[PDB]
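*Asks:* quick one, structure for this:
(one chain, ligands or ions: 2)
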Amino acid sequence: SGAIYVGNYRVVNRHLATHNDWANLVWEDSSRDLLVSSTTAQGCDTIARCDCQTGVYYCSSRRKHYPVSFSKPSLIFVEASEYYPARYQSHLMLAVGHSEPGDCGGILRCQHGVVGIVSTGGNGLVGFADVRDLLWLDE
Ligand SMILES: Cc1ccccc1NC(=O)c1cncc(C(N)=O)c1
Ligand SMILES: [Zn+2]
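*Replies:* Residues are numbered from 1 along each chain as shown. Ligands and ions are numbered 1, 2, ... in the order given. Take a look:
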(Lines give C-alpha, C1' and ligand atoms only; values in the text may rest on other atoms or scores of the structure.)
(Ligands and ions follow the chains in the order given, each with its own letter.)
Protein backbone atom coordinates (compact mmCIF):
# COMPACT_ATOMS: atom_id res chain seq x y z
CA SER A 1 0.00 0.00 0.00
CA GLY A 2 0.91 3.68 -0.35
CA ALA A 3 0.10 7.00 -2.03
CA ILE A 4 1.58 10.33 -3.18
CA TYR A 5 0.07 13.50 -1.75
CA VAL A 6 0.79 16.60 -3.88
CA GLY A 7 -1.33 19.76 -3.73
CA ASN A 8 -4.99 18.73 -3.66
CA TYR A 9 -4.28 15.38 -5.36
CA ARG A 10 -3.83 11.81 -4.15
CA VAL A 11 -1.96 9.42 -6.54
CA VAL A 12 -2.47 5.70 -5.93
CA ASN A 13 -2.09 2.41 -7.83
CA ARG A 14 -5.27 2.19 -9.93
CA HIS A 15 -5.88 -1.43 -8.73
CA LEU A 16 -5.74 -0.28 -5.10
CA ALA A 17 -8.10 2.74 -5.52
CA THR A 18 -10.90 2.93 -2.93
CA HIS A 19 -14.63 3.84 -3.42
CA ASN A 20 -13.72 7.38 -2.25
CA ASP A 21 -10.94 7.61 -4.83
CA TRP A 22 -13.40 6.65 -7.64
CA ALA A 23 -16.08 9.06 -6.22
CA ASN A 24 -13.55 11.97 -6.37
CA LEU A 25 -11.83 10.89 -9.63
CA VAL A 26 -9.56 13.42 -11.38
CA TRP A 27 -7.72 11.16 -13.87
CA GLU A 28 -6.99 7.44 -14.41
CA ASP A 29 -5.09 5.39 -16.97
CA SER A 30 -5.73 1.65 -17.10
CA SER A 31 -2.60 1.17 -19.24
CA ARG A 32 -0.38 2.67 -16.45
CA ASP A 33 -1.91 1.33 -13.21
CA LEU A 34 -2.41 4.94 -11.98
CA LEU A 35 -5.40 6.82 -10.58
CA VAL A 36 -5.54 10.36 -9.15
CA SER A 37 -8.31 11.57 -6.83
CA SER A 38 -8.98 14.97 -5.26
CA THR A 39 -8.39 15.77 -1.58
CA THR A 40 -9.62 18.45 0.81
CA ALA A 41 -6.33 18.58 2.80
CA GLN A 42 -3.31 20.13 1.07
CA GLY A 43 -0.47 17.68 0.53
CA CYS A 44 3.20 18.66 0.72
CA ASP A 45 5.03 16.04 -1.49
CA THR A 46 6.98 17.36 -4.52
CA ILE A 47 6.98 15.52 -7.86
CA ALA A 48 10.46 15.24 -9.52
CA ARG A 49 10.78 16.97 -12.93
CA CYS A 50 13.87 15.30 -14.34
CA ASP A 51 15.39 12.35 -16.24
CA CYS A 52 17.17 10.66 -13.24
CA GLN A 53 17.79 6.92 -13.57
CA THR A 54 18.93 6.44 -9.90
CA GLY A 55 16.91 6.81 -6.74
CA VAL A 56 15.74 5.11 -3.53
CA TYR A 57 12.50 3.15 -2.98
CA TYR A 58 10.64 1.89 0.02
CA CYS A 59 10.08 -1.91 0.20
CA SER A 60 7.41 -2.77 2.82
CA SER A 61 8.11 -6.55 2.60
CA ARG A 62 11.63 -5.85 3.95
CA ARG A 63 10.85 -2.66 6.07
CA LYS A 64 13.79 -1.13 4.18
CA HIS A 65 14.73 1.47 1.61
CA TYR A 66 16.98 0.40 -1.28
CA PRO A 67 19.09 2.49 -3.67
CA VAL A 68 18.48 1.39 -7.31
CA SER A 69 19.29 2.18 -10.93
CA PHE A 70 16.15 2.06 -13.15
CA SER A 71 15.26 2.08 -16.81
CA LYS A 72 13.52 5.09 -18.49
CA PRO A 73 9.68 4.82 -18.67
CA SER A 74 8.59 2.42 -21.42
CA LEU A 75 5.97 -0.17 -22.65
CA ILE A 76 6.78 -3.48 -20.91
CA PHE A 77 5.33 -7.03 -20.76
CA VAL A 78 4.88 -7.97 -17.05
CA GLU A 79 5.14 -11.79 -16.41
CA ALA A 80 2.35 -13.80 -14.70
CA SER A 81 2.81 -14.46 -10.95
CA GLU A 82 1.21 -16.68 -8.20
CA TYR A 83 -1.71 -14.30 -7.54
CA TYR A 84 -1.83 -11.90 -10.55
CA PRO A 85 -1.91 -12.29 -14.33
CA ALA A 86 0.55 -11.27 -17.06
CA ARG A 87 -0.06 -7.90 -18.79
CA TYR A 88 1.42 -5.13 -20.98
CA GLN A 89 1.90 -1.80 -19.03
CA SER A 90 3.04 1.68 -20.22
CA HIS A 91 5.28 4.35 -18.56
CA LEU A 92 6.87 1.59 -16.46
CA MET A 93 10.49 1.69 -15.13
CA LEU A 94 12.35 -1.48 -14.06
CA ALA A 95 15.12 -2.04 -11.51
CA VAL A 96 16.82 -5.11 -10.05
CA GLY A 97 15.35 -5.45 -6.56
CA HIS A 98 12.80 -7.08 -4.31
CA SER A 99 9.01 -6.55 -4.72
CA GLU A 100 5.94 -8.53 -3.52
CA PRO A 101 2.27 -7.55 -4.27
CA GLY A 102 1.79 -5.64 -0.97
CA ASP A 103 4.81 -3.49 -1.85
CA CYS A 104 2.64 -1.58 -4.40
CA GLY A 105 2.42 2.06 -3.48
CA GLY A 106 6.00 2.29 -2.13
CA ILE A 107 7.57 5.54 -3.32
CA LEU A 108 10.68 5.82 -5.55
CA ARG A 109 12.46 9.18 -4.93
CA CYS A 110 15.48 11.00 -6.34
CA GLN A 111 17.12 14.31 -5.25
CA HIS A 112 14.34 16.21 -7.17
CA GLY A 113 11.32 14.56 -5.50
CA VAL A 114 8.93 11.69 -6.15
CA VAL A 115 9.69 9.72 -9.33
CA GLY A 116 7.02 6.98 -9.14
CA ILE A 117 5.34 4.18 -7.17
CA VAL A 118 5.88 0.42 -7.01
CA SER A 119 3.45 -1.28 -9.44
CA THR A 120 4.99 -4.61 -10.63
CA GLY A 121 7.43 -7.27 -9.45
CA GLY A 122 8.62 -10.83 -9.29
CA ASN A 123 11.62 -12.63 -10.86
CA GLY A 124 14.05 -10.33 -8.93
CA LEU A 125 12.80 -7.12 -10.60
CA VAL A 126 10.74 -4.20 -9.29
CA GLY A 127 8.63 -2.06 -11.62
CA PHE A 128 7.59 1.56 -10.87
CA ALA A 129 4.80 3.52 -12.50
CA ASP A 130 6.34 6.92 -13.46
CA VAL A 131 4.56 10.17 -12.46
CA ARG A 132 7.16 12.75 -13.67
CA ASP A 133 5.36 13.34 -16.97
CA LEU A 134 2.08 14.37 -15.20
CA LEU A 135 2.88 18.08 -15.13
CA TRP A 136 -0.67 19.07 -14.23
CA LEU A 137 -0.11 17.60 -10.69
CA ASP A 138 2.00 20.83 -10.03
CA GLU A 139 -1.00 23.18 -10.61
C1 LIG B 1 4.03 -5.82 -7.21
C2 LIG B 1 4.11 -7.30 -7.48
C3 LIG B 1 5.20 -8.03 -7.01
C4 LIG B 1 5.31 -9.39 -7.23
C5 LIG B 1 4.33 -10.07 -7.91
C6 LIG B 1 3.23 -9.38 -8.41
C7 LIG B 1 3.12 -8.00 -8.21
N8 LIG B 1 2.02 -7.30 -8.78
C9 LIG B 1 0.92 -6.81 -8.16
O10 LIG B 1 0.77 -6.84 -6.95
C11 LIG B 1 -0.14 -6.24 -9.04
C12 LIG B 1 -1.48 -6.48 -8.76
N13 LIG B 1 -2.50 -6.02 -9.50
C14 LIG B 1 -2.19 -5.27 -10.56
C15 LIG B 1 -0.88 -4.95 -10.94
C16 LIG B 1 -0.65 -4.12 -12.16
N17 LIG B 1 0.52 -3.46 -12.28
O18 LIG B 1 -1.55 -4.07 -13.03
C19 LIG B 1 0.15 -5.45 -10.16
ZN1 LIG C 1 15.66 13.43 -10.37
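
*Asks:* list the contacts for the most centrally placed residue in the chain?
*Replies:* Note on the chain: the residue nearest the mean C-alpha position is residue 117, at 1.9 Å, using CA atoms, centre = their mean. Taking CB atoms under 8 Å, 6 or more residues apart in numbering, we find residue 117 in contact with 2-4, 11-13, 104-108, 128-129, 131. For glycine as for every other residue, the C-beta is placed from the backbone atoms N, C-alpha and C.

*Asks:* can you narrow those residues down to the ones near ligand 1?
*Replies:* Contacts with ligand 1 within those, counted by CB under 6 Å from any ligand atom: residue 104.

*Asks:* TSV please, covering the contacts of residue 117 and showing secondary structure, distance to residue 73 and neighbour count.
*Replies:* Shown next, in TSV, are the contacts of residue 117 (DSSP: H, G, I helix; E, B strand; the rest coil; distance: CB to CB, whole Å; neighbours: other CB atoms under 10 Å):
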residue	secondary structure	distance to residue 73	neighbour count
2	coil	19	17
3	coil	20	21
4	strand	16	22
11	strand	15	29
12	strand	18	22
13	strand	16	19
104	coil	17	22
105	coil	18	18
106	coil	17	22
107	strand	16	22
108	strand	12	25
128	strand	9	28
129	strand	9	25
131	coil	10	24
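
*Asks:* show me where this protein has helices.
*Replies:* 19-23 (DSSP state H).

*Asks:* ok, the residue lying farthest from the centre of it - contacts?
*Replies:* Outermost residue of the chain with respect to the C-alpha centroid, by CA atoms, centre = their mean, is residue 40; its distance is 21.9 Å. With contact taken as CB under 8 Å, 6+ apart, residue 40 is in contact with residue 8.
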